[PDB]
Every structure is written in C-alpha cells, then in structure tokens.
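Have a look below at one chain only, the form deposited in one PDB entry, in structure tokens format.
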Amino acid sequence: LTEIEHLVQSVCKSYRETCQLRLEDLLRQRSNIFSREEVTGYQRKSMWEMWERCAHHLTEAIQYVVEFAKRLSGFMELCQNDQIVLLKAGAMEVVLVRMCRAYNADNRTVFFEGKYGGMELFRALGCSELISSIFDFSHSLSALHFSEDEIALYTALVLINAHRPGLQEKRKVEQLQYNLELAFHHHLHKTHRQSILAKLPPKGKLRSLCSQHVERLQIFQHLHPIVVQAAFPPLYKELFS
C-alpha cells in the first residue's frame, strides 16, 4: 500500500491491456518459422504492398503506445501541449523497444504476420540498412531477457522524460518522471535485476535509430500515402501533412 507499489501495478496493468500479443503466444510460436516458399512470396511483393502492411502494423503499434500513455497514472492530468510533446518524441521509441519481445535471439528472426522470419523477409522494402539496425537493436535487448514488467516500467520512462524540448509545465512532468524512476529501481531491486541498468541501450542509440525510422516512414508516406485509422487527432496532426 505505498503510492509507488500502486504505480508499478497501474503501469504493468496499462502495459498488459495494450501489448497486442501475450508473451506466452510469441514464445510458443518460435518453432513456427516461414519456409523458403513463403519468404519468396514476401520477397516477390511490391515495395509499396510491403509498405502498406508495415505502415498498418506500425500505426496500430503507435496507437497501443498512446493508450498505454493514457492509462499511466498522472499522464491524463498533464496539459495537452505536454502530452503531445512526450508522445511525438517517444511513441515510436517505445514501439522499437516493444519489438524485442517478438525477437528470437537464437535464430535472429521476428514474429511477423503469424510466423517467425529473418530480416531477408523485408527485402522488397529496400531499407536493408534500417531493417538491419532494427534487428541489431532488438538483439541487444533480447540478450537482456527483458521481462514484461521491465519493458512496462522502462517504456514508461522512455515516454515521461522532462528534458523533451517544448514542454510548458516542466515541474509536473518531473514529478511523474521521478515517481516512475523510483518505481523502476524499486522493482529492479525486488527482482535482483539491477544488473540490467549497465546493459540498457544509451539514450542516444535509441533516439537516432528512431529518428531515421520515422524519417524513412515519412519518405514512404510522401511517395505512397497510406489511409490511417486516426484515433488521436492532436498527435496525428504533428506527424502527417
């Protein structure tokens, strides 16, 4: 009954209601690998069809990270300008981090559209360098054997960062940040997992992986606009034009 144990519980609950797939399912399907015939059917698809499918997954992924944020104790109580600043800087960073649950270190494959496949699945997109950076990142984290609670509390801190430029109420954002930071270290202490703090990616590795990812996604949307199931107008306004 400390406000801090309540926060851990309300963070982990929000994550559980928004994580799309259960970790038991992802681990049960690791033997369910795309065959050579199935990979080739993906390789043979138009760049722009692969772009449609991925644009769909990544949009859905963003919207689940938004709902995650809207269920974090204190988020809803911030002002709209600050909510949007945090989601604009952070929502896809969280998406990149969430992906590691779907990543199998042993064969270097990712759960995509029902089965596990290697980076060669996405050859028709032509962003071999970005896709290779996304696998490497996911590898780094998957080695750490990130647990559901560690992802939940870490991603919350990815979002609630009071150093994001353009916040109006810096002190209100600092109070949540401090509380979530305490939630995280408290948990890592109770689980003898403080050892991961030294192994996390630097803030810089994730910022730049994400800004290129968004850059590429923005170039695709310019060349080949997708139709988005827009749920959150203030944020969608900042990313589409």
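Numbering starts at 1 and follows the sequence shown.
Exercise for the section: Take the C-alpha B-factors listed in the entry for 149-157 and for 77-85, compute each mean, and give the stretch with the larger one. Expected result: Taking the mean B-factor of the alpha carbons in each, 77-85 is higher.
Exercise for the section: Can you let me know which of the two, 28-36 or 180-188, has the higher average C-alpha B-factor in the entry? Expected result: Result of the comparison: 28-36.
Exercise for the section: Name the third of the chain's ranked CA B-factors that contains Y15, choosing lowest, middle or highest. Expected result: As the PDB entry reports it, the C-alpha B-factor of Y15 lands in the middle third of its chain.
Exercise for the section: Give the position of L1 by CA B-factor within its chain, expressed as the lowest, middle or highest third. Expected result: For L1, whose C-alpha B-factor we compare with every modelled residue in the chain, the answer is the highest third.
Handout entry: Ranked against its chain, the third holding the CA B-factor of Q229
Key = Within its chain, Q229 is a highest-third residue by C-alpha B-factor, going by the deposited values.
Practice task
Using the B-factors in the PDB entry, rank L58's C-alpha atom against the chain and give the third, lowest, middle or highest.
Solution key: Within its chain, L58 is a lowest-third residue by C-alpha B-factor, going by the deposited values.
Exercise for the section: Please place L125 in the lowest, middle or highest third of its chain by C-alpha B factor as given in the entry. Expected result: Highest third of the chain for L125's C-alpha B-factor.
What comes next is about the form deposited with a partner chain bound, which does not appear here.
Exercise for the section: Answer with yes or no whether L26 is in contact with its partner chain in the deposited complex, where contact means some heavy atom within 4.5 Å. Expected result: No - in the deposited complex, heavy atoms of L26 and its partner chain never come within 4.5 Å of each other.
Practice task
Considering only heavy atoms, tell me if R30 and its partner chain come within 4.5 Å of each other in the deposited complex.
Solution key: Judged by the heavy-atom cut-off of 4.5 Å, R30 is well away from its partner chain in the deposited complex.
Handout entry: Residue contact check: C100 to its partner chain in the deposited complex, 4.5 Å heavy atom
Key = No, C100 stays farther than 4.5 Å from its partner chain in the deposited complex.
Practice task
Would you check, heavy atoms only and a 4.5 Å threshold, whether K88 touches its partner chain in the deposited complex?
Solution key: Contact check for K88: yes, within 4.5 Å of its partner chain in the deposited complex.
Problem - 4.5 Å heavy atom contact with its partner chain in the deposited complex for all of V39, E120 and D136 - result: No, none of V39, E120 and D136 comes within 4.5 Å of its partner chain in the deposited complex.
Exercise for the section: May I ask you to choose, among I84, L144, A105, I151, the residue with a heavy atom within 4.5 Å of its partner chain in the deposited complex? Expected result: Answer to the contact question: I84.
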